[PDB]
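Note sheet for the following structure.
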Amino acid sequence: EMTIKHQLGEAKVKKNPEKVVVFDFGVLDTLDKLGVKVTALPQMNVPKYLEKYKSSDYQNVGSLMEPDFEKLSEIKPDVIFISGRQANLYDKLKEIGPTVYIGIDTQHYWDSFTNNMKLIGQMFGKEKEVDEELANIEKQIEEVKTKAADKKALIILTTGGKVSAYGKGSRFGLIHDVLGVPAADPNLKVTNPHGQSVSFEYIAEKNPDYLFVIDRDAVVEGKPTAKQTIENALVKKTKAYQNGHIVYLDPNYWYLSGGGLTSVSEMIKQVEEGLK
């Protein structure tokens, strides 16, 4: 048995749990990377890169925000992994089975990710494999930091033709904090998961060298809006647009997932491609 201290409390889990339930897609992609058998997940909306798990091979335990608590009672999980989207449901889930919070601390992204991945390693007897995969991600980080130098960036999320911004220490702060991309707005302190609502005027005025764009609507709705939103008078005149430095980050990772061995690796590859 393992005793796990996390941001929301403490859990007790058998090592090598057989019936694994996952509500965080970063953890799901970690288990997939390590070849750990998964029992169930919310299949209402699954990231494209994880569509293996949209299959009938797996039990459907609802949506990210609305678990199927009955179907969970029918499984009786050895462990339930949750992150931010389910934090408000910590107490209800804890009633059904061992429940581990495994979101990232955005103020300490690398250390929190490392801790989270090492817990997974310990739990499934995959300790050294995780240690090596973390090192391989670090090799990506050290290279990208050099390409990132001197390139002022802004991070935006688009939905419905409108935008929010994120900077240092935010949900998407790893672009600045981990990958060493300078912030076009250093005084932008954001903790809203949905970003700070901003205008196109704000983006134009900040006039970033690079604009990282995360299209919510591509994943939540099935209709891309990011290129339409960006194709706008105030953005089209930015350095970022004129220099071909609008970087459409894949929202299947950035919006729906993050914090896993595969997603963090792929997220860094997407940044690096954008900086190249």
Put +1 on the Cβ of every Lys and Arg and -1 on every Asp and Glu Cβ in the chain; which of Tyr253, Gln59, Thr158 then has its Cα farthest towards the positive end of the dipole? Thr158
With point charges of +1 on the Cβ of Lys and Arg and -1 on the Cβ of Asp and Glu, referenced to the Cα centre of the chain, which listed residue (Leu8, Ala183, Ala135) lies farthest in the positive direction of the dipole? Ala183
Listed residue (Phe113, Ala40, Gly173) projecting farthest to the positive dipole end of the chain, Cβ model: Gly173
Rounded, prolate or oblate: which fits the range 148-249, taking a ≥ b ≥ c as square roots of the Cα gyration tensor eigenvalues, rounded meaning a/c under 1.5, else prolate when a/b beats b/c? oblate
Charged-residue dipole, Cβ positions (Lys, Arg, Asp, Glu), the chain about Cα centre, Debye nearest 20: 400
Could you list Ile155, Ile141 in order of exposure, starting from the residue whose Cβ has the fewest other Cβ atoms within 10 Å? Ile141, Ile155
Would you work out the charge dipole size for the range 148-249 about its Cα centre, treating the Cβ of every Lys and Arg as +1 and the Cβ of every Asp and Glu as -1, and quote it to the nearest 20 debye? 40
Per DSSP, loop GluC sites (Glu not before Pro) in the range 156-252 with at most 15 further Cβ within 10 Å: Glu221, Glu231
Would you mind ranking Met267, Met2 by Cβ crowding within 10 Å, fewest neighbours first? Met2, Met267
Could I have the simple spin-label model distance between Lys237 and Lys223, label points 7 Å from Cα toward Cβ, reported in nm to one decimal? 3.0
Sum -39500 (n - 2.57) across every DSSP H segment of at least 4 residues in the chain, then divide by the residue count to get the 222 nm mean residue ellipticity, nearest 500. -10500 deg cm²/dmol
Cross-link pairs beyond the 27 Å C-alpha cut-off, checked among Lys19/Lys128; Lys94/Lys139; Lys147/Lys206; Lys76/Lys269; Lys152/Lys237; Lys94/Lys162: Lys94/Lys139; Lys76/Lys269; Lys94/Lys162
Cα-based Rg and Dmax for the chain, where Dmax is the largest Cα-Cα distance (Å): 19.1, 59
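Because the Cβ atoms are built from the backbone with ideal geometry, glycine has one as well, and the counts that use them run over all protein chains shown. FYI, it's all coordinate maths here, none of it is from the lab.
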